[PDB]
Structure formats: C-alpha cells, structure tokens
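Take a look at this one chain, the form deposited in one PDB entry, written out in structure tokens.
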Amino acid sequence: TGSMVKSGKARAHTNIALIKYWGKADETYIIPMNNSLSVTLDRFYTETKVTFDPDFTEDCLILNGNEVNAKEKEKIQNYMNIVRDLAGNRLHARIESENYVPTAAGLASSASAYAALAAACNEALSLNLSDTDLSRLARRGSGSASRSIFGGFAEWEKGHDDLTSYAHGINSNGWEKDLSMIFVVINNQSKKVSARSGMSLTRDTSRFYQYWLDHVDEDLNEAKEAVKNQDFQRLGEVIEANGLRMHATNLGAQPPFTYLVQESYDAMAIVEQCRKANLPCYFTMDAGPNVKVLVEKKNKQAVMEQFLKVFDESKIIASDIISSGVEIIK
C-alpha cells in the first residue's frame, strides 16, 4: 500500500433475530423500542475493504465490483462522516465491498455490511475501539449490524441514547455449535420493500403495538433462560411466538400490511408436521416471506428432506451458527 495510505479489511457475518428488533425509539441514532436477541450465521457474510488516502476528495463505494448510484453514494458518505468525526480526521475512503449473501433470494445484507464496514474502519484508522464501541458504530448504519460484531447468540441492549444502545455476545457454553438454521426461499414479489419504513409505520400507528411491547421483555427473559439451560424446545416455542407477534403488529398498522404470503404459511405447516414427527424445529420470518427454520444440527438434514419433498433444491439453504465474531482479513 501507499506510504500515507491507511487500509483495513473485515469479514462480518449476517445474523437472524430470534427475539425481534421492530420499531425505533429514535430514528436518527437508531435506538430501538426493545432489546433483541439473534444468532450469527456461518454461511453468509460481507467482506469490506476500506482505503483512506489524503488525495481522495470524496468517498467511493464499489459493491460486488460495481459502482453504486448517487443515492447509495450519498448514504455511504453520510455514514463515513460519522467515522471521520470519531477519528478526528478528514480522510475520505474508497470502499470495496463484496456480499456473500443470497440477496436476490431475499436475505438481508445490512447487518453484515455495516458490521464489516465499522470493523474495517477501526482497523484502517487504528481507532482501538472496544467491541462495545464497534457495536455502537455499526448500529448507526443499521440496527441489526450492532449484533453482527459478535458470534453465536448476541443481544442488543436498547439503552436510551447513542452511548447506551449496543450489543454484546452471549456465552452459551458452546451451544451455538449444536444449532443450525434452514432458510426457505419463498416466492416473493420483486417490487421494492423497506423494512425501515415498515417498522416505522407499525411503531407509530399500529393498534397492536402496545401488545408487542407488553410481551417482549418476558419473551426475551424466557429465551435467555432457555439458552442458559440449552433447552431447545423452550427456546423454540418462545422465539416462534415472538416472531408471530411481530407480524401481528403489522396487521394493526394504519393501514394494515403483511410480509407473509400463503407459501410462507405452507412452510410453517411443514415445520409443525416436523415437530409432530419427532423432528424438533421452529420458524421465524422477517421483512419478507422467507421462512427461517431453527433446528438442532443433528436434525438439520432430516428437516431439509421434509422441505425437499415440496420445494426446489435451490430454495432450501442451510447454515450453521458461527462462534467467532467479526474478523480482520486480507
């Protein structure tokens, strides 16, 4: 690299919320209405390199080898303004990112991307950020990115401001090594959809939003106790119910909406058939119709075969849960 050029490259993995982040207390700083709990997936990740050079006059983002539009361009420059302030410098960066995430199939890359960028900047500029402050930095880009700093189980503590809202890794005594998640790619409209806009309408207007708030802390404690005990059935029941309650809140929005389609329900029915046939597993869904199936690694293959009876092979994508957190790479 160049004499006064500072670069860093990081790999961060996606995560899926078992207890949902849904609704913000603060839209500008990304402060959530409640705590969330997720697992970090081994199979899906973003690699991001950042190169700071005094000769650069603005930030440039190249994604999967392609320039981004002026919109995405403006967004990355705003985010990089946070990094510069944090660093106490005025260096602009060329950002080269590669998503190893099935985004065309509907899997989100925002958590991995912002976690990778935060870590890459910390490395490039030698900021020496603690995992807490790395989490806070990632959060400012995307809420769920706060959790992708960490492996295995992770919890985003809601806090009440920029300093107190961040995630931490949960030690599971290695339980994450025994677990998997099967992604069912569900046929979806290709029309534009915004989770950020969705959760905002629901948080602000849903007639069922208070119901959500009244139960989330109880679900979270239940999930965490299940994790302490490595009690799969106990974790599953509560995360499945929590997920469904999140979708319920959208039904109460003004006016109502849903991310689920009939094919999603078809996949949920298969999970329940699996449970009735002695194959424990539990589903969750996010801002789209894809169905994610949490399952013990030992039963992963058998659950997949049940899905493979009815879905194309290409649509049934399994991942293990990774133990380690964001890493610095070449």
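Residues carry their position along the shown sequence, with the first being 1.
One more form of this protein, deposited with a small molecule bound, exists but is not displayed; see below.
- Proximity of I82 to the small molecule in the entry with it bound: non-hydrogen atoms within 4.5 Å are absent; the residue sits far from the partner.
- Although the partner is absent here, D59 is not a contact residue: none of its heavy atoms lies within 4.5 angstroms of the small molecule in the entry with it bound.
- At least one heavy atom of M199 is located within 4.5 Å of the small molecule in the entry with it bound.
- Although the partner is absent here, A195 is a contact residue: one of its heavy atoms lies within 4.5 angstroms of the small molecule in the entry with it bound.
- Stretch 22-30 is the contacting one of 51-59, 271-279, 22-30, 296-304, since its residues have non-hydrogen atoms within 4.5 Å of the small molecule in the entry with it bound.
- If you check the small molecule in the entry with it bound, you find no heavy atom from any of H13, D133 and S135 within 4.5 Å.
- For the options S165, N122, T249, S110, the one in contact with the small molecule in the entry with it bound, meaning a heavy atom within 4.5 Å, is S110.
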